[PDB]
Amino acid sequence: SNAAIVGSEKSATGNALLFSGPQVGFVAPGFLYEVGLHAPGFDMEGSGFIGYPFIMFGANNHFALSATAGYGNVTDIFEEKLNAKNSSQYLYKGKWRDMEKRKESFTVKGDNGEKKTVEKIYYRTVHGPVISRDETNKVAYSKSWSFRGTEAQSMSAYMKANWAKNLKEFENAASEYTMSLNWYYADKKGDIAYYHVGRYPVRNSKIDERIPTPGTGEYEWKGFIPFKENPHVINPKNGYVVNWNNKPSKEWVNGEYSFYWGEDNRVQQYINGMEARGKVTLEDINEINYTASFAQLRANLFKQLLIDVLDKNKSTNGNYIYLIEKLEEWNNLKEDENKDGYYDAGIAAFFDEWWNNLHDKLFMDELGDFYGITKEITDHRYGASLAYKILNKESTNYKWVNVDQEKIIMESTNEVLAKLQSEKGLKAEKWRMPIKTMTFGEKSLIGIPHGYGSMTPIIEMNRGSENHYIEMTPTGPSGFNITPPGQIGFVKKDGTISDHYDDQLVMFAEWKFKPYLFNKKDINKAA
């Protein structure tokens, strides 16, 4: 999930900007529901997650707001110690404590279209529900939610955010929201704000937040961090706030999810776009969204580490003059602007495999037999922070490579190029891969089938399930947005889909947007 808010000084038009981009997957019916709410003193247009009676991406009369879910630390696992004489008891503060017993029954439509009922029993400790046990030995694990029992209060806090009429009221609502989100805010008067909402527990300083906490009772939470200590900023001097699942602030720590926030994080794509420009506009944000949606993320940091090595050995390998040229020429993204069946930069294909070859030359020897559980760390979806620190000569706790960095970078260059020259061609045009397509499916992130999806193939894009581009002019919110696949998920009994079931896909694929409607005059002209 990405987002961006821009201050008046950093905005070209002078007015504050806001850009939404929640990555909650692509499904039909869509994960989001667009709506327009109006009433005396309340005019808000936007979209929220299906089911929520409040808008999360949009604007009211006074400000635009957006959100990004991420990987904050509101869930701790506790390693309970069990009683050898009674599995249903754990040591907690110098005494054995009986767990809770919860009986549950599930009706199941078995293989024969007739119902089937299964009985299960789940246990709960003081820290929360037990999720796993360990017969080797006398150990069980329970999950502590920092928000348990407060989901309803967070609903009202989000609804209160909708009803807010100024920043103070918006911040008061963010104060009450108990779960781990990032909230974004932009005023009609040019102010922007960012909040890393959620109630975050006060942990024992003597334990390791990356692994389960002992449940003996001497490492328990001690309250919740006051909201004022959460990451946040009101009108930052730099003029803007961007995010794409990264460290909120230098001071903020993550624990189990540290490997999501590293030196190589994809948010740098949005930072690069803001820093390369002066005062920006919505389309500039749209331009950065395009870059982000097609960026070869490894190319942002590693291509320079590659071009250098090749340049220092420019004379020892004739192929390097060409690679250097095609690498400096390539814009670090894999796009299909020419609308043929293939990506436009064959050197990206070389770079793809170069990385894959390079990643294994670092970790295969020591982590090869554990890629099933570690490769998602070392080849992470958002970046390869560790790999970069190794190749960038940065100090690491463990000595991964036993040779020089340039030797490996060339060993990967030569092997991949050798494979590409014999199997495809001598020049980059013959390396272009055919585009990867995606479809709006039937199963959402939560894992349940909620419809019939869509078979329409559209190019794969590292893009939000929805986009809003809102400028808060002195007259009210303004801009454009898109909410694929469509508003209505209804499918008639005979199979006829709603005329508004997929009428927003093509625009989503062709980077076209519909106008964001707010005042009554425009909404009547759209009907």
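Counting begins at 1, following the sequence as shown.
As the entry records it, the average C-alpha temperature factor is higher for 394-402, out of 394-402 and 76-84. Relative to one another, 236-244 and 385-393 have unequal mean CA B-factors, and 236-244 is the one with the higher figure. In the deposited coordinates, the residue among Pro457, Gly113, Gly128, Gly372 with the greatest CA B-factor is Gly113. When the C-alpha B-factors of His196, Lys138, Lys334, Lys303 are read from the PDB record, the largest value belongs to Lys138. Ranked against the other modelled residues of its chain, the C-alpha B-factor of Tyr52 as given in the entry falls in the middle third. In the PDB entry, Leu517 places in the middle third of its chain by CA B-factor. Residue-level temperature factors show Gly215 in the middle third of its chain, judged at the C-alpha atom. Placement of the Cα temperature factor of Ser293 within the chain: lowest third of the modelled residues, per the deposited record. When the modelled residues of the chain are ordered by their C-alpha B factor, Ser154 lands in the lowest third.
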